[PDB]
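Colleague: Structure provided below as C-alpha cells; questions to follow.
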Amino acid sequence: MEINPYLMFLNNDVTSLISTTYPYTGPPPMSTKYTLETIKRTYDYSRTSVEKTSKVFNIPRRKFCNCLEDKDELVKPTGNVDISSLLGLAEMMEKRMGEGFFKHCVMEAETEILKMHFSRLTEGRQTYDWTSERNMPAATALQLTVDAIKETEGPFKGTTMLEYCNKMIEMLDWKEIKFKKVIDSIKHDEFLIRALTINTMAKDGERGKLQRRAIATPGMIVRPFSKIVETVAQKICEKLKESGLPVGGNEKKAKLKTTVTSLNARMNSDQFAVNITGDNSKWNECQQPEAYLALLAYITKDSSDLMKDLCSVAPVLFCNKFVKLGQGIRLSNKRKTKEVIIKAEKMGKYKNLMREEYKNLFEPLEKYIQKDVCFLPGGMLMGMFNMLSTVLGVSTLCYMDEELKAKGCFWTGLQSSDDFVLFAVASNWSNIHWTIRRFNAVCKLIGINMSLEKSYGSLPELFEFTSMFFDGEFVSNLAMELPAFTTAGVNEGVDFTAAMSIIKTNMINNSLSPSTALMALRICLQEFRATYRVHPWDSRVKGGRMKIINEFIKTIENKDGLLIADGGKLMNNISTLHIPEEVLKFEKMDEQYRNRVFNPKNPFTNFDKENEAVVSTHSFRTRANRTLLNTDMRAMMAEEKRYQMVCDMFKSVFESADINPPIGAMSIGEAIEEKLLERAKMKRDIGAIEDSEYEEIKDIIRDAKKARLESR
Amino acid sequence: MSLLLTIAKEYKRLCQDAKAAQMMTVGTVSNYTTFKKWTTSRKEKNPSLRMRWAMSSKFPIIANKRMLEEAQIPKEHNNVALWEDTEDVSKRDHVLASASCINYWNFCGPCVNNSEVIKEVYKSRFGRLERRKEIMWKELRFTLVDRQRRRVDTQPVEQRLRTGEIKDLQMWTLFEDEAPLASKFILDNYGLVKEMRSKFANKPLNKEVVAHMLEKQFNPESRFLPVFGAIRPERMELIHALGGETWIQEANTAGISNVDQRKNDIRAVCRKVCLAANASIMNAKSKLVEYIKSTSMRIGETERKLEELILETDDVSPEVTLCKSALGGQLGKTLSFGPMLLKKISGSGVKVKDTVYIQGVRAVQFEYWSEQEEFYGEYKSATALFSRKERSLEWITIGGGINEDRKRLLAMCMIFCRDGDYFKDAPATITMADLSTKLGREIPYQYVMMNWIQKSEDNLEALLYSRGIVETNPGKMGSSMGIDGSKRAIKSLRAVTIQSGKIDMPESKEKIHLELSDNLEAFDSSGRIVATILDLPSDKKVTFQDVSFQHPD
Amino acid sequence: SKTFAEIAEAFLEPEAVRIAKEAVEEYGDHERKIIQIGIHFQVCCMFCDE
Amino acid sequence: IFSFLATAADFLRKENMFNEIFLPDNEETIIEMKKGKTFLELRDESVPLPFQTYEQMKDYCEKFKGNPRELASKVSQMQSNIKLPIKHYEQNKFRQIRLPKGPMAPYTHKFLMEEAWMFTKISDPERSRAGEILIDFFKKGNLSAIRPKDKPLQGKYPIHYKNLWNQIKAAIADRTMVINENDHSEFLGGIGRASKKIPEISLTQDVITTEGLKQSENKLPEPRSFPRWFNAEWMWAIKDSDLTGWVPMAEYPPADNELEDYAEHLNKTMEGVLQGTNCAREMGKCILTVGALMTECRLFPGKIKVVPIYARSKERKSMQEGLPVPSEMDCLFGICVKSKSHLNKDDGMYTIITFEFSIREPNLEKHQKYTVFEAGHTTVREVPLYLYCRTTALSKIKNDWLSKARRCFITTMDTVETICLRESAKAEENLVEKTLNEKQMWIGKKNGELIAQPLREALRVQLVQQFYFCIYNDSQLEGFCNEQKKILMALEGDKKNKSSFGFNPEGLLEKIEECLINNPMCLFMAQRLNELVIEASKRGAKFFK
Amino acid sequence: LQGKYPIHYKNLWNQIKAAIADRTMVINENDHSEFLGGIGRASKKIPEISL
RNA sequence: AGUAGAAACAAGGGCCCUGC
C-alpha cells in the first residue's frame, strides 16, 4: 500500500485539522550580506533619484517623500509617500471618530510623560551602548550614559523624564564628552555619529513569519523620545475599532465576530460580500519617518506647545540614522586550513579579493558608507514603530468616496501590523474587482504595499488572521501554543504550578479538550521529574537525590503528603488545576515534614514576584554563570558592587524599602543616621543595651557623619 | 544588640569611601529605587534549556553559608555531596550547593515551632480549596454551548479596595515603626487593620512574602473570557471544569461564597436613598449627598461607610450610577434606558428638536439625535446589535433565547430610537394627565411611551405592529421574527434578524467624569443621559439588616 | 489617572477641583496647573473656617 | 493647614509630581524642551521635499484642509497605472509542483529505524544506568563475538572504522568508557581540523599571493529526487512490535467527577493503542539515548566517551495463563561515541559516531553515508549480521528537543478527541467508542483504489507524521509547511463552492518549489500533495493535470 | 471545630435570622437546604422503554 | 571527515581555568 495522510482532507474540513500541518514539534532553525541587501532594497523602493547634501555630515541624502518617479511595475513595492494624501486620510479618520479626538489622545499621553521617572528606561529589550559600542541590557546602558553625563559636567540631579530628555538635547551640542574605560574623551562629530547609530540583534525569538530574522536596537540617546511617540500612538490606537494591535486573544476574536454580524446585517438584498487575507510585504522597508514627522505634526496641532516639540524628535533622529555592518567577510585559502578574518571598516580595503556578488552589492553603497556604518536616511527597521504603523494603516480602511457610493460599494476590515483582513461589498463581480483595485490604489499612495502571492480571497466566511483560522467556528490551532507546555525554568517550587496554570488558561480560551489536558498534565509531570533529577519513592531509580530520599523515607507515615520534589505522587486533576499542590497536600503532610519545609529561615529561599505560587525551601536560585570570570569585565563589576553595598545597607536599616518605595526630604545618609540613633534609644530604654554600648554607637555614628560630610 | 553595632561599623566603613559618600549625600531617599535597578541585572533567553543543562551539574544552586553552619548541615553525608566552600560571583556571601542538600534539610533539618500561620498567609488559595470541597458534581453531558465573551471577576473577594488603600495597609500590619502619617483609610477602617494585625504579630515570618500575599487577597481578578450560565466569582474561578464548547459538567454551586447577596443589598440601599432625596424639590443634590454620607452598613465582620463602598463597586445599574455621580466618582461608559443596558460601539450625532400631537392638536417637544450610531443592547437573557439613523431604527440583530425577552428588547430599542409613527402621532390612550408631572416634574415623551408599554401587553403588541410587517422571503425563513417572538414564520417584522448565539459584549477600559442636574439625571459632556430616576422600579418595602441610617429624615 | 483633574481629585474636594478648573480655563493656562490652584484654593477656604 | 499640606506632600511625592513642573514658583512656570543648536540644524534638514524649513511644514500641516476631489483624482490615477491582476482559480488552474532532479535523498536520521536489530535481556533494578547496561550486555558474550572484516560492502575510510570498533570493545572491557586520542579517533572525531587564524595587521600582499586567500565560496546544497524508501518506513512504523511500554509515562491521579473518569478512560485506550507500535520504540530510543549523551556532554567534555543506544520496554501481557506478571527488558541497538563536546555556546556542534547492528543488507541509494561491514552470525536459526557505521553531529538545541519527544502524543490526542467530541455533540450522546470504532479515515491507495480504516487504527498515521516532523525539521520543511496552507485554503474553498480567487498563483507555486531540496520529508509530502489535488480533481475544480 | 459542610450551615443560619427578622418564617432561596437535604440521594431517571 | 544554512561550528581564555 501507498500511504498519504493528506487524504483525510477529502471527507473532512480543513480548518478542523489545519493544526496538524504546523511542524512545531521540532526545533526551529537559526551578518552583513543581509544588512547590505536590506540597505539596497530600501534605497531602491524609493522610486526617485533626487538628492541633497547634509551640511552636518556632508553625505548625499536621498529624499524619498513626495518625489515619485519610475512609475513602472507598481505591482512591486514602492516607498514614496504623498503627504497630501496622508493628511487627507488622517482627516477622514478624525472626522469619523469626532472632533477633539487627536487632541484628547495627546492630552492623555502628556498626562503620563510628565510624571514618569527616568528609570523606566531600564525596563525593555537590549540597547546599544555608545561607549563600548556593544549590546548591553537596558539597565547597564542607562547606568553608563548617566555616568558619562556626571563625569563630563556634573551629577545628574534630574528625577523625571523631561529633565533627562533636555540633558540629552544638550549633549548633542557639547564639544568633548568623557566616560570611563580601562577615561577616554571624544569630540562632537564622532559622538554625534556614535549616538545616531543603530544596531541589529538576531534574536527574533518567535517563529511566526520566517521573514523576521533580525530586530533593531537603537541607542540610549534615542530611547526616551521613542517612548513618548509610542505612548501617544497607543493612546490613539486603543480608541479605534479597526485596529487589533494592542488587544489580545478573545478581544480580537470578538472584534471580528461583531464585525461580521454588522456586515451581514447592513448589506441589502442585491449585494454580496467577499473577504481577503492580506500580508503586506517589506513593511519595515517602506515606512518612512518623514511621513511620520508630517503626521505627528498634524496630530499635535491644537495641543500644548510642549508636545509639539517632543513628538518631533524621534522622527528626525530616525530620519538621520546610521546602520551597523556586522562581523565583515572572511578570507581563506583553497584547502580551508588557514583562515583570515576581516571587519567592516576594512572591507573597503580588500574590495578586490571578494566574490563578484559582494562587489556588485557593495561598491554602489560605498559613498553612503563611513567607518563601519552606513547612512540610511529613511526606511525603517523591525519593531521600531508598530502602533504608529497600525494607525497609519487603519486610516485607509476608513476611506469613503463619492464614486464608491454612486455604485453602492463599501469596504471595511481589521488590521494589525502588516496583517489585515478586508471585507469588500458590492453588487457584481465587475464591481467587487473595481472596489478591490480602489483599495489597493489608496494603499499604494502612502507606501502600504500588498503581497500578491501570500494574499488570497474568497466568498465571505473563510479567512485567516495571525494564525487564527475562521469559518462558522474558530479553530484554536492549539499547536501555536504547544511549546509552552514545558518547564518554565525558574525553580522547583514554581514550575509545576506554572505548568498547571498554562493548561488551565488553554482549556478556557483555546478550547483544549479534557482528555488532552490530562495527557499534557502527565507529560509535564514526567518532564519535570526528568529536569530536576528526581523520581517517586516507590520507583527503583538510583542517583544522588534518591539516595537520601530512600534513606530518610522511613521516618514518614503518610506519603500522600510528600511533595513531588521529594518522591511524591500526583494528586491533582482537571477540577483542581486552580490549586497549588502545596495547598492541596497541606492537610496531610507530617507536622515534622511540614514544619521543616515551610520554615522561613532557609539558606535557599528567594522571592521572585504573575507569581501565583507558594514559597518554601524548594524555591531556590541557580548559580550564576562564570564565563565572565575569564573575561576582563571586572572594572564594570566594581561600580555594580558599590551600588549593591549602598542599597543593601539602606535596606538593612529600613526593611520595607523593596515593598514600599522610599520617599521623603532626607538624603540617604541623613535618614540612616537618624534611624540608627532612634533605634539605639528605643532599645537602651528597655532592651538589652548598656550605656557604654549606647555611647559607643553614638560616637561611631557622629564620626561617620563627619567623614561623609568631609570627603567633599 | 551586637548586630546594631555591626550595622553602625558598616555604615562608617562605607562612608570612609569617596564615591559611596557622594551617592549617600546627594538627592533624597527616593534614589534607593533607582540604585536598585543598576545592580544585579542579568537574564536568559530559554530558561527551560538552561534548567535542564544547569541541573546536570554538580553544585548548581547557591545558598547561605552561615545559615548552614548554624544549622550544622554537613558535607558529604553518605558519599553524596551537599555543598563546598566557594563564593558565587554575584552575591560573594553565598556558597555553591547541590539539589540533594534541599532534601536533606526537609528530612533531617531544623524545625520551626509551628507553621499553621501558613493558612493565613495564603488565605485566598485555601479558600479556593474549601469552596471546592463543598461542590456536588452531577452527570456529564454533551452538546454545543452558547459561550458569550465578556469582562467578569474571577476572584471572590470581600472588601475590595483600591491600590493606594493597600500599600498603606501593608505597613500598619507588618512594618508599623516605618509607617507613614495616618491616612483617612486607616483612621476609618480601624477594626480591619486590627484584624489583619492580630494574625501576623509575634510570628516567625518572611514579610516580603506576606505583603505580596495581602495584595493578592484584596484583588478581584478581572478577565475578558468566554462565559456561559450564571456569572458568579465562585464559578468563574473554576470555569475550566464546568464546560467547554461541546460538553457540560453539571454541578450545583449555588450556596457558596455569598458575594452577590452583598451587592444586591447595596443596590437596595442606594435605591432607597435615591428615592428619598427625590422626595425633595430644590435640594435633591445636597439632600442626596447628605443621606449618603450619613449612612453605614456591615460587611461580614467589619463596619463600612456607604460612601466608601459606592466608590469601590462596579455595578452598572441606574442607581449606583447616580450615587457615584453625586460623590464625584468616575465611572465607565455604559448607558441605561429603563431596564435594558446599552453600550455604544461607533457613530456620533447631536440633539435635534421635534414635536408630537398627543390628542387632536397638543404640541409636545421631544428630542432625537441627528446622525447614525451603533449600539450593543442587553435585556434579560437576550442580546442585540442595532443601529439608529436620524430618528429611525435602521437595522437590528438579536441573539437571545426567549420569545418574551426578544419582544421586550426589540420594543425598548424602537423606543430608544424614536422609530415609528407613534413618535409622530401619539396614541389616543395617553392623555395630558399621564403625560408628566407626578408633582411638577416633567417626563420626556420617551419614558411616557416606556411606561405605556409596561402598563399593558396590548400596548406592546401595538408598538411592535408600528414596525413594518411583511412576508418572509425564501431562505430567510430561519432568520425572521414574528410578533410572538418565533424564530420563523410566513410573515415577519421588517428589517429584523434573529440568530442563536449571544453577541459579544464590547469592551473599553475608559473612564468618564459626568455630572447631574437638579432632577437627578446624569450627563456626559453632551446632551446624552446615562442615568436618571425614571428608569428604576417604582417602590417596594424591604427590611434592611445591619444598616445604620443615623440621619433624621 | 488619565488626566490631571482625575489626579487632583484624589486628595482635594471635587468642588475645589471644579473651581480651579474653571479658573485655568479662564486664563487658558496649561492644565497641569489644576493642582497648585486647587491646593491654594483649599488652603484659603479652610483658613476661613466659618 | 499644616496637617493638610503634609498629606498633600506625601501624595505628590508618591506620584512623582512633587517637582518644579507641577509646583513651580512664580518664575519657573515655563517648561519647555531645550531646543539646542545642532538639533535645530537637523530638523530643518529632514523635511519632505517641497518645504525647506520646519516652520513651513508646520504651517502647512497645522492648517491643512480636506479637498476630497483632488484626492479622488489621485486615487483613480494610481488605480489606472497599476492594473492589479485578479484570477479566479476555476479559470486559472494550478499546475502540479515540480520536484527537483538528481539522485535520491538518502537516510538522514541519526539512528536506524527499519534495519535496526537489537539484543535483549532482562532488567534488574540494581544495575540501571547506561554505562552499566552496556557492560552487562558485554559479559554474556554476544557483543564480543562481533568482529568485522577489512572488506566493506560500501562506504569509505574502512580502516579507521575498524580500529575504532576494536578500541570500543577494549574500553568496554576495562570498565572505563573512555577512548584515547590516537590518529584514528583523531581523524574520525575531527579533533584538530578547525581553521587557523591569521591576523591582518600581520598580513601583506606577498602573503596573499603566496597562498591564495580569496573570499570563501559558500557551496549551497545540491538537489535530490523523490525518495522511494520513505513509504516503506512509513508502513513499517505503523505495525506492532511484539513488546510495549517503550516510552515512559507518569501515573494517573485520582478522580472525583464523571469528567475525570471520561478523561482517564479515553487517555488509557489511546495510550494503550500507541505504546505498542514501532514508532513508539523509536521515540523511546531517542529519548533515552539523547538523555545519556546530554549528561555525558555536560560532565565529561574534552573526553571521548562511549554511550549505548538502548531502550527499555515490557513484554506484552498474555492471558492469566502461563507465567503471569510479564517481565521488563533492556534492549541494545548499537554503540555511540562522542568527541569533545565543548558546547561553550549554543548552536555549537559535537560530532558523534554510530556503530549499529543490523541483519539486512544495504542499498546504495538509501544507505549512502554508511560504511557497512560483514560482522558474522546471530540467531533468531543462524542468520548473517552487518554493522552500519557513520559519523554525524548534534548540538544543544537538537539534544534538548529530541529528549522532549513526547509532544507527539499531545498533538495526536488533540486531533482524535476533537473529532470524537464534535461528532458526539451534534447528537447529544456519547459517540466516542462508536466514533473510534466506526468512523473511517482514508489512509492511502492500493491497486488504484482508496483505502480506509477506523479512527482507532488511523491514529498511527498521524502519530508517525508528528514524529517525523520532530525528526526532519529544518528551514526547508519550515518554509514548505508554511506555504502549503495557501493551497489547502484554496482546496476548502473549492469543496464549499466559495468562488476563490488570488492575485498571482504562479508566484505561490514558485515559492513552494523553492524550498524543496534534499530533505526526505519535504519531497515526500510534496509528492503526496500533488496526488491529493489529483485525487480530489475527480470531485472538484481549480486544479490542472 | 469539627464539621463537614461549614459554609452551607453558616449561610443557612444567616438566612434563618433574616427570615425571623422579616416576621415570616419562610425561607425563599433554596440552595443550602436543598443541598443539605439532597446530599443523601439525587439523580436523573431514564425510562425503561428507552433502554 | 562531518554538520548546517543562505553564516557558522569542527574549543576559548590566560601548564591552569570554564561552559548563556
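The way I read the labels, and the way they are meant: chains A, B, ... in the order of the C-alpha cells, residue 1 as the first residue of every chain, and ligand 1 as the first ligand shown, with later ones counted on from there.
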Which residues come within 7 Å of residue 93 (chain D), counting only C-alpha atoms (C1' of nucleotides), excluding same-chain residues fewer than 6 positions away, as a ChimeraX atom specification?

Modeller: /D:542-544

Colleague: Go ahead and write the residues just picked, N, CA and C atoms, as a short mmCIF file (atom, residue, chain, number, x, y, z; two decimals), in the first residue's frame.

Modeller:
data_model
loop_
_atom_site.label_atom_id
_atom_site.label_comp_id
_atom_site.auth_asym_id
_atom_site.auth_seq_id
_atom_site.Cartn_x
_atom_site.Cartn_y
_atom_site.Cartn_z
N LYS D 542 -10.58 23.68 -10.01
CA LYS D 542 -9.48 24.56 -9.65
C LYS D 542 -8.13 23.88 -9.62
N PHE D 543 -7.96 22.75 -10.29
CA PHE D 543 -6.66 22.09 -10.30
C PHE D 543 -6.49 21.44 -11.66
N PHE D 544 -5.33 21.67 -12.24
CA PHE D 544 -4.97 21.20 -13.57
C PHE D 544 -4.10 19.96 -13.47
#

Colleague: With only C-alpha atoms (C1' of nucleotides) as the counted atoms, please give the residues lying no more than 8 Å from region 485-496 of chain A, apart from itself and same-chain residues fewer than 5 positions off, as a PyMOL selection string.

Modeller: (chain A and resi 502-503+520+524-525+527-528+532+565+613-616+618-622) or (chain B and resi 46-51)

Colleague: For N, CA, C and O atoms, I'd like the residues from the last selection saved as a CSV table (one decimal), in the first residue's frame.

Modeller:
chain,number,residue,atom,x,y,z
A,502,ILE,N,-0.9,27.2,32.9
A,502,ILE,CA,-0.9,27.3,31.4
A,502,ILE,C,-2.0,26.3,30.8
A,502,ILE,O,-2.7,26.7,29.9
A,503,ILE,N,-2.0,25.1,31.4
A,503,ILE,CA,-3.0,24.2,30.9
A,503,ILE,C,-4.4,24.7,31.2
A,503,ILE,O,-5.3,24.6,30.3
A,520,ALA,N,-1.5,16.2,28.8
A,520,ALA,CA,-0.5,17.3,28.9
A,520,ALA,C,0.0,17.3,30.4
A,520,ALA,O,1.2,17.6,30.6
A,524,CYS,N,3.9,16.8,31.3
A,524,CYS,CA,4.7,17.8,32.0
A,524,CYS,C,5.2,17.3,33.3
A,524,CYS,O,6.3,17.7,33.7
A,525,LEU,N,4.5,16.5,34.0
A,525,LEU,CA,5.0,15.9,35.3
A,525,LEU,C,6.2,15.1,35.0
A,525,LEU,O,7.2,15.2,35.7
A,527,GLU,N,8.3,15.4,32.5
A,527,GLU,CA,9.4,16.3,32.1
A,527,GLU,C,10.0,17.0,33.3
A,527,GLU,O,11.2,17.2,33.3
A,528,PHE,N,9.1,17.4,34.3
A,528,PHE,CA,9.6,18.0,35.5
A,528,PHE,C,10.5,17.0,36.3
A,528,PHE,O,11.6,17.4,36.7
A,532,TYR,N,14.7,18.0,37.0
A,532,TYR,CA,15.3,18.1,38.4
A,532,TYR,C,15.8,16.8,38.9
A,532,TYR,O,16.2,16.8,40.1
A,565,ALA,N,8.9,17.0,44.5
A,565,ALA,CA,10.3,17.1,44.6
A,565,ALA,C,10.9,16.2,45.7
A,565,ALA,O,12.1,16.2,45.9
A,613,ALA,N,2.1,31.2,43.3
A,613,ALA,CA,2.8,30.1,43.8
A,613,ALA,C,3.0,30.2,45.3
A,613,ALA,O,2.9,31.3,45.8
A,614,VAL,N,3.5,29.1,45.9
A,614,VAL,CA,3.8,29.1,47.3
A,614,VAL,C,5.3,29.1,47.5
A,614,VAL,O,6.0,28.6,46.6
A,615,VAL,N,5.8,29.7,48.6
A,615,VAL,CA,7.2,29.8,48.8
A,615,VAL,C,7.6,28.8,49.9
A,615,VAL,O,6.9,28.6,50.8
A,616,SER,N,8.8,28.1,49.7
A,616,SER,CA,9.2,27.1,50.6
A,616,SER,C,10.7,26.8,50.4
A,616,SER,O,11.3,27.6,49.6
A,618,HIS,N,12.0,24.7,48.6
A,618,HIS,CA,12.3,24.4,47.2
A,618,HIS,C,12.4,25.6,46.3
A,618,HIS,O,12.8,25.4,45.1
A,619,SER,N,12.1,26.8,46.7
A,619,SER,CA,12.2,28.0,45.9
A,619,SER,C,13.7,28.5,45.9
A,619,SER,O,14.0,29.5,46.6
A,620,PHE,N,14.5,27.8,45.2
A,620,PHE,CA,15.9,28.2,45.2
A,620,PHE,C,16.3,29.1,44.0
A,620,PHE,O,15.4,29.4,43.2
A,621,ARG,N,17.5,29.5,44.0
A,621,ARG,CA,18.0,30.3,42.8
A,621,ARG,C,19.2,29.5,42.3
A,621,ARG,O,20.0,29.0,43.0
A,622,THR,N,19.4,29.6,41.0
A,622,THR,CA,20.5,28.9,40.4
A,622,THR,C,21.8,29.6,40.6
A,622,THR,O,21.8,30.8,40.9
B,46,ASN,N,16.2,31.1,27.0
B,46,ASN,CA,15.4,29.9,27.1
B,46,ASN,C,15.7,29.3,28.4
B,46,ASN,O,16.5,28.3,28.5
B,47,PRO,N,15.0,29.8,29.5
B,47,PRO,CA,15.3,29.2,30.8
B,47,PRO,C,15.0,27.7,30.9
B,47,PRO,O,15.6,27.0,31.7
B,48,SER,N,14.1,27.1,30.1
B,48,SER,CA,14.0,25.7,30.1
B,48,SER,C,15.3,25.0,29.7
B,48,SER,O,15.7,24.0,30.4
B,49,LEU,N,15.8,25.4,28.6
B,49,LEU,CA,17.1,24.8,28.1
B,49,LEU,C,18.2,24.9,29.2
B,49,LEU,O,18.8,23.9,29.6
B,50,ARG,N,18.3,26.1,29.8
B,50,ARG,CA,19.3,26.2,30.8
B,50,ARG,C,19.0,25.6,32.1
B,50,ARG,O,19.9,25.3,32.8
B,51,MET,N,17.8,25.2,32.3
B,51,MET,CA,17.5,24.4,33.5
B,51,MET,C,17.9,23.0,33.4
B,51,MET,O,18.5,22.4,34.3

Colleague: Just want the 12 Å neighbourhood of region 345-351 of chain B, counted on only C-alpha atoms (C1' of nucleotides), with same-chain residues fewer than 6 positions away dropped. Output as a tab-separated table (two decimals) with N, CA and C atoms, in the first residue's frame.

Modeller:
chain	number	residue	atom	x	y	z
A	95	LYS	N	-12.54	62.78	11.43
A	95	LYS	CA	-13.96	63.08	11.21
A	95	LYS	C	-14.85	61.94	11.67
A	96	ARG	N	-14.47	60.70	11.36
A	96	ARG	CA	-15.26	59.55	11.81
A	96	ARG	C	-15.36	59.51	13.32
A	97	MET	N	-14.23	59.60	14.02
A	97	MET	CA	-14.29	59.46	15.47
A	97	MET	C	-14.89	60.67	16.16
A	98	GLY	N	-14.96	61.81	15.50
A	98	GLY	CA	-15.47	63.04	16.06
A	98	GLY	C	-14.34	64.04	16.29
A	99	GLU	N	-14.72	65.29	16.52
A	99	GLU	CA	-13.69	66.30	16.71
A	99	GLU	C	-13.13	66.25	18.12
A	239	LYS	N	-8.38	53.51	20.90
A	239	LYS	CA	-9.73	54.00	20.65
A	239	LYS	C	-10.37	53.44	19.39
A	240	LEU	N	-9.59	53.05	18.40
A	240	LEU	CA	-10.16	52.71	17.11
A	240	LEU	C	-10.67	51.28	17.16
A	241	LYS	N	-11.69	50.98	16.36
A	241	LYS	CA	-12.20	49.62	16.33
A	241	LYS	C	-11.61	48.80	15.20
A	242	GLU	N	-11.09	49.44	14.18
A	242	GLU	CA	-10.49	48.78	13.05
A	242	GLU	C	-9.05	48.44	13.27
A	255	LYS	N	-13.91	41.17	18.29
A	255	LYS	CA	-13.95	42.21	17.27
A	255	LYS	C	-14.38	41.65	15.93
A	258	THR	N	-18.22	40.55	15.89
A	258	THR	CA	-19.17	41.64	15.78
A	258	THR	C	-19.09	42.28	14.40
A	259	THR	N	-17.89	42.40	13.84
A	259	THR	CA	-17.78	42.97	12.51
A	259	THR	C	-18.56	42.16	11.49
A	262	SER	N	-22.38	42.71	11.96
A	262	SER	CA	-22.73	44.02	11.45
A	262	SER	C	-22.75	44.05	9.92
B	333	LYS	N	-18.26	53.89	30.70
B	333	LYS	CA	-19.12	54.41	29.65
B	333	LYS	C	-20.14	53.36	29.23
B	334	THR	N	-21.14	53.19	30.08
B	334	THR	CA	-22.26	52.28	29.88
B	334	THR	C	-23.53	53.08	30.07
B	335	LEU	N	-24.49	52.91	29.18
B	335	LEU	CA	-25.71	53.69	29.22
B	335	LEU	C	-26.76	52.86	29.92
B	366	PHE	N	-40.08	66.77	21.86
B	366	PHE	CA	-39.27	65.62	22.19
B	366	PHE	C	-38.05	65.66	21.29
B	367	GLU	N	-36.91	65.25	21.81
B	367	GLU	CA	-35.66	65.36	21.07
B	367	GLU	C	-35.25	64.03	20.48
B	368	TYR	N	-34.32	64.10	19.53
B	368	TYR	CA	-33.72	62.91	18.95
B	368	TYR	C	-32.33	63.29	18.49
B	369	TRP	N	-31.58	62.31	17.99
B	369	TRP	CA	-30.20	62.54	17.57
B	369	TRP	C	-30.07	62.50	16.06
B	370	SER	N	-29.33	63.46	15.50
B	370	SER	CA	-29.25	63.60	14.06
B	370	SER	C	-27.93	63.02	13.57
B	371	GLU	N	-27.86	61.70	13.53
B	371	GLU	CA	-26.75	61.03	12.89
B	371	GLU	C	-26.95	59.53	13.02
B	372	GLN	N	-26.05	58.73	12.48
B	372	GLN	CA	-26.11	57.28	12.65
B	372	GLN	C	-25.21	56.81	13.78
B	373	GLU	N	-25.70	55.85	14.56
B	373	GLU	CA	-24.96	55.29	15.68
B	373	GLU	C	-25.26	53.80	15.78
B	374	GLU	N	-24.33	53.08	16.40
B	374	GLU	CA	-24.39	51.63	16.54
B	374	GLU	C	-24.26	51.24	18.00
B	375	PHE	N	-25.07	50.28	18.44
B	375	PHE	CA	-25.21	50.01	19.86
B	375	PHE	C	-25.31	48.52	20.13
B	376	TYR	N	-24.71	48.09	21.23
B	376	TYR	CA	-24.99	46.80	21.83
B	376	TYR	C	-26.06	47.00	22.88
B	377	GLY	N	-26.96	46.04	23.00
B	377	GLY	CA	-28.06	46.16	23.92
B	377	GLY	C	-28.34	44.86	24.62
B	385	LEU	N	-27.77	43.83	18.62
B	385	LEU	CA	-26.81	44.73	17.99
B	385	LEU	C	-27.60	45.51	16.98
B	386	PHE	N	-27.77	46.81	17.20
B	386	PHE	CA	-28.66	47.57	16.34
B	386	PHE	C	-28.05	48.88	15.92
B	387	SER	N	-28.75	49.56	15.03
B	387	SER	CA	-28.29	50.84	14.52
B	387	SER	C	-29.43	51.81	14.38
B	388	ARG	N	-29.20	53.05	14.78
B	388	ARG	CA	-30.17	54.11	14.60
B	388	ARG	C	-29.64	55.11	13.59
B	389	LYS	N	-30.56	55.71	12.85
B	389	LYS	CA	-30.23	56.69	11.82
B	389	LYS	C	-31.32	57.75	11.81
B	390	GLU	N	-31.02	58.92	12.35
B	390	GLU	CA	-31.87	60.10	12.25
B	390	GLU	C	-33.33	59.75	12.54
B	391	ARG	N	-33.57	59.37	13.79
B	391	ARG	CA	-34.91	59.11	14.28
B	391	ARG	C	-35.51	57.88	13.61
B	504	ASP	N	-21.20	39.34	21.48
B	504	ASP	CA	-20.09	39.62	22.37
B	504	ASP	C	-20.15	41.03	22.91
B	505	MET	N	-20.21	41.14	24.22
B	505	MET	CA	-20.29	42.45	24.83
B	505	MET	C	-19.05	43.24	24.46
B	506	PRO	N	-19.18	44.47	24.00
B	506	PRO	CA	-17.99	45.22	23.64
B	506	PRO	C	-17.16	45.53	24.85
B	507	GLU	N	-16.05	46.22	24.68
B	507	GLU	CA	-15.18	46.47	25.81
B	507	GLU	C	-14.42	47.75	25.59
B	508	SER	N	-14.16	48.45	26.68
B	508	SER	CA	-13.37	49.67	26.64
B	508	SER	C	-12.91	49.97	28.04
B	525	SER	N	-20.73	65.22	29.11
B	525	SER	CA	-20.09	66.14	28.16
B	525	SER	C	-20.91	66.27	26.88
B	526	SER	N	-22.21	66.02	26.97
B	526	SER	CA	-23.07	66.04	25.81
B	526	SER	C	-24.50	65.98	26.33
B	527	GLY	N	-25.44	66.12	25.43
B	527	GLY	CA	-26.81	66.04	25.87
B	527	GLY	C	-27.31	64.64	26.13
B	528	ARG	N	-26.44	63.64	26.15
B	528	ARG	CA	-26.91	62.29	26.35
B	528	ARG	C	-27.05	62.04	27.84
B	529	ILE	N	-28.06	61.26	28.20
B	529	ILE	CA	-28.34	60.93	29.59
B	529	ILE	C	-27.93	59.49	29.80

Colleague: Could the residues of chain B within 12 Å of chain C, counting only C-alpha atoms, be given as a PyMOL selection string, please?

Modeller: chain B and resi 162+164-165+183-184+325-331+509-515

Colleague: What's the 12 Å shell around residue 299 (chain B), counting only C-alpha atoms (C1' of nucleotides), without same-chain residues fewer than 2 positions away, as a PyMOL selection string?

Modeller: chain B and resi 157-160+192+258-259+261-263+265-266+296-297+301-306+308-309+545-547

Colleague: Counting only C-alpha atoms, what are the residues of chain B within 7 Å of chain D, and for each of them which pair of atoms is the nearest and at what distance in Å, to one decimal? Sort the table by chain and rising number, as a tab-separated table.

Modeller:
residue	atom	partner	partner_atom	distance
B:49	CA	D:400	CA	6.6
B:56	CA	D:295	CA	6.5
B:137	CA	D:257	CA	6.2
B:139	CA	D:258	CA	6.4
B:140	CA	D:258	CA	6.2
B:142	CA	D:425	CA	5.1
B:143	CA	D:425	CA	4.3
B:144	CA	D:425	CA	5.9
B:246	CA	D:425	CA	5.7
B:249	CA	D:259	CA	6.7

Colleague: Just need the residues of chain C within 8 Å of chain A, counting only C-alpha atoms, so spit them out as a CSV table (one decimal) with N, CA, C and O atoms, in the first residue's frame.

Modeller:
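Contents of out.csv, as written:
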chain,number,residue,atom,x,y,z
C,2,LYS,N,-5.1,59.4,34.0
C,2,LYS,CA,-5.6,59.7,32.6
C,2,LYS,C,-5.9,61.2,32.5
C,2,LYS,O,-6.3,61.6,31.4
C,3,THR,N,-5.7,62.0,33.5
C,3,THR,CA,-5.9,63.4,33.4
C,3,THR,C,-5.6,64.1,34.7
C,3,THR,O,-5.8,63.5,35.8
C,4,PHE,N,-5.0,65.3,34.6
C,4,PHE,CA,-4.6,66.0,35.8
C,4,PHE,C,-5.8,66.2,36.7
C,4,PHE,O,-5.7,66.3,38.0
C,30,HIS,N,-1.7,76.1,31.0
C,30,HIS,CA,-1.5,74.7,30.9
C,30,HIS,C,-2.3,74.0,32.0
C,30,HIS,O,-2.2,74.4,33.2
